[PDB]
Amino acid sequence: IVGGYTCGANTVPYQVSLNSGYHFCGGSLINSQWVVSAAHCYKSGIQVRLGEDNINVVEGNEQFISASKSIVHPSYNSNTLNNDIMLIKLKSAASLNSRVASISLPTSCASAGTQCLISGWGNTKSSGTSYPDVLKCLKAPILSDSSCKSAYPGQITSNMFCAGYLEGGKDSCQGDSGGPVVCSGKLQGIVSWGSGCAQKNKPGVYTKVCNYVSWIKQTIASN
Ligand SMILES: N=C(N)c1ccc(NC(=O)Nc2ccc(Cl)cc2)cc1
Ligand SMILES: [Ca+2]
């Protein structure tokens with residue numbers, strides 16, 4: 001996250017870190033046994049780490065559970081990043097409490113102008129690299145789909161939306177991939193892509209989770 005603030009330990013209880021020997025992507029817990037993340041974060045051998053704040057120090061609220069199945073969206077296209085979303089089932093259910101909790105799926109798509117909370121342990125600089133150990137947060141509006149499409153001509157599909165600031169300065173970034181965009185207490189987006197980070201006229205682009213709710217519910221019902 002570039003230009004955000006330190007969230008505070010366990011203030012984002014649905015935030016997950018995906019670990020394969022190191023943190024490589026975020027995710028969101030959507031019930032005690034399932035995590036949603038970005039399909040471009042797919043790897044075999046994922047361990048899901050819940051209840052995290054400092055990812056390099058064991059602080060006492062963590063649950064580390066390995067994945068039993070990963071399901072990338074059937075129409076994920078890695079060239080266009082259309083349908084960048086995947087479901088991860090945990091080997092055993094997480095114990096849910098105030099510090100480890102799930103986030104609700106949306107019943108409606110959020111509109112442009114709604115302020116949302118994006119969080120993750122990704123890069124905090126638009127030039128150079130510095131990865132934080134504690135979770136960073138950013139409040140950002142969803143942008144109109146015409147300003148999103150003017151920023152990225154020919155690249156925005158109906159399963160994507162832009163959120164951020166067209167003047168740059170504040171944005172999600174590499175390592176934030178797969179993490180949550182929450183608006184009005186519902187999961188509305190998944191950190192997906194963008195050109196650089198926090199650059200002028202290049203806002204972050206996010207998977208539009210309200211288009212996938214029937215696919216998620218159906219897949220969790222049968223797996
Ligand atoms: N500006 C951002 N919000 C931003 C920019 C880039 C990323 N990350 C990626 O674009 N990562 C990535 C995308 C596709 C593939 Cl195939 C591999 C990595 C995340 C957020
Ligand atoms: Ca920790």
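Note: hydrogens, waters and symmetry copies are ignored here, and every other heavy atom, side chains too, is used. Whatever order the structure lists them in is the order used to number ligands and atoms, beginning at 1. For this chain, numbers begin at 1 and follow the sequence in order.
- Of the candidates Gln174, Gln199, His40, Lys202, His40 brings a heavy atom nearest to atom 13 (C) of ligand 1.
- Relative to the ring axis of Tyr5, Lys136 does not place its NZ or CZ within 45° and under 6.0 Å from the centre.
- Remark: the backbone N or O of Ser95 is paired with a side-chain donor or acceptor of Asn97 at under 3.5 angstrom.
- Ranking the protein heavy atoms by distance from atom 9 (C) of ligand 1 puts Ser192 O, 3.8 Å first.
- Within the 4.0 Å heavy-atom cutoff, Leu81 counts among the residues contacting ligand 1.
- Classification of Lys200 and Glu167 as a salt-bridged pair holds, one side-chain N sitting under 4.0 Å from a carboxylate O.
- Note that the CG atom of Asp53 and the OG1 atom of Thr11 stand 7.5 Å from one another [nearest 0.5 Å].
- Within the structure, the closest approach of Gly196 to ligand 1 falls below 4.0 Å when heavy atoms are considered.
- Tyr42 OH: 12 or fewer foreign heavy atoms inside a 6.0 Å radius.
- Only side-chain heavy atoms of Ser177 come within less than 4.0 Å of ligand 1; its backbone N, CA, C and O stay farther off.
- Coordination check, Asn54 versus the Ca ion (ligand 2): passed, since an N/O/S atom of the residue sits under 3.0 Å.
- Ligand 1 places these atoms under 4.0 Å from at least one heavy atom of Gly194: 1 (N), 4 (C), 5 (C), 6 (C).
- Of all the N, O or S atoms in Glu62, the one closest to the Ca ion (ligand 2) is OE2.
- Contacts between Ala198 and ligand 1 below 4.0 angstrom, taking non-hydrogen atoms only, are absent altogether.
- The contact set between ligand 1 and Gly204, taken as ligand atoms under 4.0 Å from a residue heavy atom, comprises 3 (N).
- Ranking protein heavy atoms by distance to atom 2 (C) of ligand 1, first place goes to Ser172 O, 3.3 Å.
- Shortest distance from the Ca ion (ligand 2) to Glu52 is reached at OE1 (N/O/S atoms only).
- No side-chain donor-acceptor contact under 3.5 Å links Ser147 to the backbone of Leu143.
- Ring centroid separation for the pair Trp193 and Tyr152 comes in under the 6.0 Å cut-off.
- For ligand 1 and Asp171, the ligand atoms under 4.0 Å from any heavy atom of the residue are 1 (N), 2 (C), 3 (N).
- Taking 3.0 Å as the threshold, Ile55 does not count as a candidate ligand of the Ca ion (ligand 2), since none of its N, O or S atoms lies below it.
- Here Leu18 contributes atom CG and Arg49 contributes atom CZ; the two are 11.0 Å apart, rounded to the nearest 0.5 Å.
- Rounded to the nearest 0.5 angstrom, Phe161 CZ and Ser192 OG are separated by 10.0 Å.
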